[PDB]
Amino acid sequence: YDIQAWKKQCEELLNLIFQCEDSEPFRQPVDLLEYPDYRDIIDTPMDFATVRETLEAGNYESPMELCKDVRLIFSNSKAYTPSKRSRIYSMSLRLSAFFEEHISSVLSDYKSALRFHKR
Ligand SMILES: C[C@H](O)c1cnn(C2CCCC2)c1
């Protein structure tokens with residue numbers, strides 16, 4: 001029932017994501033010199049360094065907010081992909097599966113702790 005435990009759990013999960021080779025295209029903001037029309041398709045760019053910085057700055061109130069930003073990394077990749085003949089979207093799908101598998105208990109424990117706090 002520790003209401004703050006999610007933060008270190010998210011830091012550790014981000015460390016695992018950064019070691020994973022599948023995170024390579026998503027570790028830093030998309031380079032507009034490489035993808036000049038990126039902002040014509042994507043309204044809100046997101047990447048794992050921005051998520052980590054937001055977490056470390058104390059600018060996430062809950063793991064649900066962090067989840068929403070990580071999911072935006074994957075939705076942006078899906079929206080920008082021209083087709084399955086894209087290694088980057090395929091990497092996003094595997095990385096998304098890995099993230100969802102690990103974030104499930106973080107969200108459940110946090111929501112349970114908050115329900116206990118407000119009992
Ligand atoms: C074409 C490819 O599927 C794709 C999707 N999004 N992107 C961005 C995010 C990662 C670096 C560039 C490339």
# chains A, B, ... in the order shown; residues from 1 in each chain; ligands from 1
call {"tool": "closest_atom_pairs", "arguments": {"of": "chain A", "to": "ligand 1", "cutoff": "8 Å", "atoms": "only C-alpha atoms and all ligand atoms", "output": "Markdown table"}}
result
| residue | atom | partner | partner_atom_place_in_ligand_line | distance |
| --- | --- | --- | --- | --- |
| A:24 | CA | ligand 1 | 10 (C) | 8.0 |
| A:25 | CA | ligand 1 | 10 (C) | 4.1 |
| A:26 | CA | ligand 1 | 10 (C) | 5.2 |
| A:29 | CA | ligand 1 | 11 (C) | 7.9 |
| A:30 | CA | ligand 1 | 11 (C) | 5.2 |
| A:31 | CA | ligand 1 | 12 (C) | 7.2 |
| A:34 | CA | ligand 1 | 12 (C) | 8.0 |
| A:35 | CA | ligand 1 | 12 (C) | 7.0 |
| A:38 | CA | ligand 1 | 8 (C) | 8.0 |
| A:73 | CA | ligand 1 | 9 (C) | 7.8 |
| A:76 | CA | ligand 1 | 6 (N) | 6.4 |
| A:77 | CA | ligand 1 | 6 (N) | 3.8 |
| A:78 | CA | ligand 1 | 5 (C) | 6.3 |
| A:79 | CA | ligand 1 | 5 (C) | 7.3 |
| A:80 | CA | ligand 1 | 5 (C) | 4.7 |
| A:81 | CA | ligand 1 | 3 (O) | 3.8 |
| A:82 | CA | ligand 1 | 1 (C) | 6.0 |
| A:83 | CA | ligand 1 | 3 (O) | 7.1 |
| A:84 | CA | ligand 1 | 3 (O) | 7.8 |
| A:85 | CA | ligand 1 | 3 (O) | 8.0 |
| A:86 | CA | ligand 1 | 3 (O) | 4.7 |
| A:87 | CA | ligand 1 | 3 (O) | 6.2 |
| A:88 | CA | ligand 1 | 3 (O) | 4.3 |
| A:89 | CA | ligand 1 | 3 (O) | 4.2 |
| A:90 | CA | ligand 1 | 3 (O) | 7.5 |
call {"tool": "write_last_selection", "arguments": {"atoms": "C-alpha atoms", "output": "short mmCIF file (atom, residue, chain, number, x, y, z; two decimals), in the first residue's frame"}}
result
data_model
loop_
_atom_site.label_atom_id
_atom_site.label_comp_id
_atom_site.auth_asym_id
_atom_site.auth_seq_id
_atom_site.Cartn_x
_atom_site.Cartn_y
_atom_site.Cartn_z
CA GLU A 24 16.90 2.69 -30.10
CA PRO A 25 14.54 4.74 -32.37
CA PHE A 26 12.66 6.09 -29.33
CA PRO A 29 13.07 13.14 -29.77
CA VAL A 30 12.51 12.36 -33.48
CA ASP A 31 15.02 14.27 -35.63
CA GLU A 34 15.79 13.06 -40.87
CA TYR A 35 11.93 13.23 -41.02
CA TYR A 38 7.09 14.64 -38.91
CA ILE A 73 5.51 7.04 -28.21
CA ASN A 76 3.14 8.14 -32.84
CA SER A 77 5.24 5.34 -34.34
CA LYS A 78 2.08 3.63 -35.64
CA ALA A 79 0.74 6.89 -37.11
CA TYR A 80 4.06 7.76 -38.82
CA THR A 81 4.78 4.30 -40.30
CA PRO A 82 4.28 3.91 -44.06
CA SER A 83 3.89 0.09 -43.87
CA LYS A 84 5.07 -3.22 -42.30
CA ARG A 85 8.33 -2.81 -44.35
CA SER A 86 9.44 -0.74 -41.39
CA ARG A 87 11.78 -1.97 -38.79
CA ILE A 88 10.94 0.98 -36.50
CA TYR A 89 7.20 0.19 -36.16
CA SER A 90 8.03 -3.52 -35.65
#
call {"tool": "select_by_dssp", "arguments": {"residues": "stretch 10-60 of chain A", "states": "alpha helix (DSSP H)", "output": "ChimeraX atom specification"}}
result
/A:10-19,38-41,48-56
call {"tool": "write_last_selection", "arguments": {"atoms": "C-alpha atoms", "output": "mmCIF file, in the first residue's frame"}}
result
data_model
loop_
_atom_site.group_PDB
_atom_site.id
_atom_site.type_symbol
_atom_site.label_atom_id
_atom_site.label_comp_id
_atom_site.auth_asym_id
_atom_site.auth_seq_id
_atom_site.Cartn_x
_atom_site.Cartn_y
_atom_site.Cartn_z
ATOM 1 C CA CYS A 10 9.018 3.311 -13.287
ATOM 2 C CA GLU A 11 12.676 4.374 -13.084
ATOM 3 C CA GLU A 12 13.742 0.708 -13.098
ATOM 4 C CA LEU A 13 11.409 -0.102 -16.002
ATOM 5 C CA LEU A 14 12.819 2.873 -17.973
ATOM 6 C CA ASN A 15 16.358 1.535 -17.288
ATOM 7 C CA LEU A 16 15.329 -1.857 -18.755
ATOM 8 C CA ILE A 17 13.757 -0.106 -21.770
ATOM 9 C CA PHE A 18 16.958 1.899 -22.422
ATOM 10 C CA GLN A 19 19.051 -1.376 -22.381
ATOM 11 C CA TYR A 38 7.089 14.636 -38.913
ATOM 12 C CA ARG A 39 5.106 17.490 -37.320
ATOM 13 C CA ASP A 40 2.601 17.530 -40.229
ATOM 14 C CA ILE A 41 1.477 14.058 -39.050
ATOM 15 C CA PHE A 48 11.808 7.912 -23.585
ATOM 16 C CA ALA A 49 14.322 10.604 -22.588
ATOM 17 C CA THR A 50 11.462 13.119 -22.240
ATOM 18 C CA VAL A 51 9.504 10.555 -20.144
ATOM 19 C CA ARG A 52 12.533 9.927 -17.915
ATOM 20 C CA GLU A 53 13.186 13.679 -17.523
ATOM 21 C CA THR A 54 9.530 14.367 -16.660
ATOM 22 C CA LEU A 55 9.659 11.594 -14.027
ATOM 23 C CA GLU A 56 12.962 12.785 -12.538
#
call {"tool": "atom_distance", "arguments": {"atom1": "atom CA of residue A:59", "atom2": "atom CA of residue A:110"}}
result
16.8 Å
call {"tool": "residues_around", "arguments": {"residues": "residue A:70", "least_positions_apart": "4", "cutoff": "9 Å", "atoms": "only C-alpha atoms", "output": "PyMOL selection string"}}
result
chain A and resi 46-48+51+65-66+74-75+96+99
call {"tool": "atom_distance", "arguments": {"atom1": "atom CA of residue A:118", "atom2": "atom CA of residue A:4"}}
result
14.6 Å
call {"tool": "atom_distance", "arguments": {"atom1": "atom CA of residue A:2", "atom2": "atom CA of residue A:113"}}
result
5.9 Å
call {"tool": "closest_residue", "arguments": {"among": "A:91, A:5, A:42, A:64", "to": "residue A:107", "atoms": "only C-alpha atoms"}}
result
A:64
call {"tool": "closest_residue", "arguments": {"among": "A:7, A:21, A:116, A:72", "to": "residue A:43", "atoms": "only C-alpha atoms"}}
result
A:72
